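Notes follow the structure.
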There are 2 protein chains.
Amino acid sequence: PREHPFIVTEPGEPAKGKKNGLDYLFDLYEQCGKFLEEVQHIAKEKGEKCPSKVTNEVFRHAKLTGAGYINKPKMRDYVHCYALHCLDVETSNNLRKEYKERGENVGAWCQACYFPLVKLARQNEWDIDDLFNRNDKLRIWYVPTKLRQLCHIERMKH
Amino acid sequence: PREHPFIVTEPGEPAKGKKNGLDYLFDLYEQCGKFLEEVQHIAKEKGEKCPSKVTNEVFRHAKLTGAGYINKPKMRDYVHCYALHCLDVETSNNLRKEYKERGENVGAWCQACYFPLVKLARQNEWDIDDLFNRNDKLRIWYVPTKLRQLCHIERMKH
DNA sequence: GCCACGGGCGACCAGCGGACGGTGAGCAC
DNA sequence: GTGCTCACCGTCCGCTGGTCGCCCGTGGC
């Protein structure tokens, strides 16, 4: 059965009602990294191809270990949000406070996350891929297509 | 349109007849690296996903860019041979001279290359992936499945 | 109860990495 | 000329990474 929908929460704020907050959301990425660690270890033992990123097998191993609440499309929906939380925790917290105060839904918050990321990519000579690779938490996540496209167009405009 | 078959040659020895030598074979790996670099530079300009290894797109680009003699299954047959040449030239050269002196065909030489590579993987805590990733030339090539499987069975035996 | 809203995640797709053996080139005699 | 050896690479396959929107949970009234 389908998980509760997310809601915009401030750091350390519990979601009220039949909803999950944004700290629960970011923790799902941290749990995935632990399931990637396990898969890598098993593959090293088996003498099979070892993944460097979160693959379909990592999701499949998470589902069979009871963590059925973890799935590929949902993790993909918010990778950029998690990237901002990792790369600039202070902007990520302020953005969450701003969106909560406005009584904004998750979708508007999720779309707003791309914009401070464009700034971070600008400061790193427009290399969004390198920004993910230098970070231990982000290293395992694929750069979302929409973020790379938005970064490229913004570079042309500015 | 089929290319000449390869023959076992010693370093710097030209192949005789309607045949190609082993230095020509190793040069094809070098050409692929240049084609990947092109594909990489183009992607960076377009703001598209950048490959870190030789993908189907690299091979496809080589064909349309005047190097039609390059194709994926051929390059895949000898990745392990190219790996011995990069990781240990001296052993690669002696193996080539030995197989040439015995009047051996390419198939027998090709299968012999796996064994010195197994010793090299053993000397690196059985981590064949690390061996490839630490070398500039090899980094762009996928570890062949047959090699990783052979290292695994050898680890269980020795 | 009821409806409108909005997002979770099932399921689909293009193309990937990977494999194999039938043609047909090649050389010895 | 003839035969017979053997490997190049056409062509296939289990999946991958990436995507979209249907279904239905959810909260307000």
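In what follows, chains are A, B, ... by sequence order, proteins preceding strands, each numbered from 1.
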Requested in this report: Answer with base, sugar-phosphate or nothing: what part of the nucleic acid does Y78(A) contact at a heavy-atom distance below 4.0 Å?
Outcome: sugar-phosphate

Report task. Only pairs at least two apart or in different chains count here, so list each side-chain hydrogen bond (donor to acceptor under 3.5 Å, both in side chains) that has a residue in residues 55-69 of chain A. Result -> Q31(A)-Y69(A), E38(A)-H61(A), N56(A)-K72(A), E57(A)-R60(A)

Query raised in the report: Quick one: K63(A) NZ to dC9(C) P, roughly how many Å, whole number?
Result: 11 Å

**Report entry** Qualifying residues under side chain to side chain contact (heavy atoms under 4.5 Å, CB included), relative to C86(A), sequence neighbours excluded
**Finding:** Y82(A), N135(A), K137(A), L138(A)

Requested in this report: With sequence neighbours excluded, tell me which residues meet salt bridge (charged side-chain N to carboxylate O under 4.0 Å, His left out) with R148(A).
Outcome: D129(A)

Requested in this report: Report, as a single string ordered 5' to 3', how protein heavy atoms within less than 4.0 Å touch nucleotides 16-26 of chain C: B base, S sugar-phosphate only, - not at all.
Outcome: BBBBB--BBSS

Query raised in the report: Roughly, in whole Å, what's the span from CG in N20(A) to P in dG8(C)?
Result: 9 Å

For residues 21-28 of chain A, tabulate all N or O donor-acceptor pairs below 3.5 Å that involve a side-chain atom, not counting sequence neighbours.
{"from": "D23(A)", "atom 1": "OD1", "to": "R96(A)", "atom 2": "NH1", "distance (Å)": "3.1"}
{"from": "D23(A)", "atom 1": "OD1", "to": "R96(A)", "atom 2": "NH2", "distance (Å)": "3.1"}
{"from": "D23(A)", "atom 1": "OD2", "to": "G12(A)", "atom 2": "N", "distance (Å)": "2.7"}
{"from": "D23(A)", "atom 1": "OD2", "to": "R96(A)", "atom 2": "NH2", "distance (Å)": "3.2"}

**Report entry** Pairs satisfying salt bridge (charged side-chain N to carboxylate O under 4.0 Å, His left out), at least one member in residues 83-94 of chain B, at least two apart
**Finding:** none

Query raised in the report: Who passes side chain to side chain contact (heavy atoms under 4.5 Å, CB included) against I7(B), sequence neighbours left out?
Result: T9(B), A15(B), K19(B)

Requested in this report: Step through the shown structure and confirm whether more than 12 heavy atoms of other residues, nucleotides or ligands are within 6.0 Å of CZ on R155(A).
Outcome: yes

Query - Contact residues, residues 100-112 of chain A to DNA chain C [heavy atom, < 4.0 Å] - result: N105(A), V106(A), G107(A)

Requested in this report: Taking side chain to side chain contact (heavy atoms under 4.5 Å, CB included) as the test, write out the residues that go with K18(A), two or more places apart.
Outcome: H4(A)

Query raised in the report: Is the distance from OP1 or OP2 of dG8(C) to the nearest side-chain N or O of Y69(A) less than 4.0 Å?
Result: no

Query raised in the report: Can you tell me if the sugar in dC23(D) is north or south, using the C1'-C2'-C3'-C4' torsion?
Result: south

Query - CD1 on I42(A) to CD on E37(A), rounded to 0.5 Å - result: 11.5 Å

Report summary line: So the contacted stretch of DNA chain D, first to last nucleotide with an atom under 4.0 Å from a non-hydrogen atom of chain A, runs from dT16(D) to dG27(D)

Report summary line: For residues 110-124 of chain B, the side-chain hydrogen bond (donor to acceptor under 3.5 Å, both in side chains) pairs (sequence neighbours left out) are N124(B)-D130(B)

**Report entry** All salt bridge (charged side-chain N to carboxylate O under 4.0 Å, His left out) counterparts of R2(A), not counting sequence neighbours
**Finding:** none

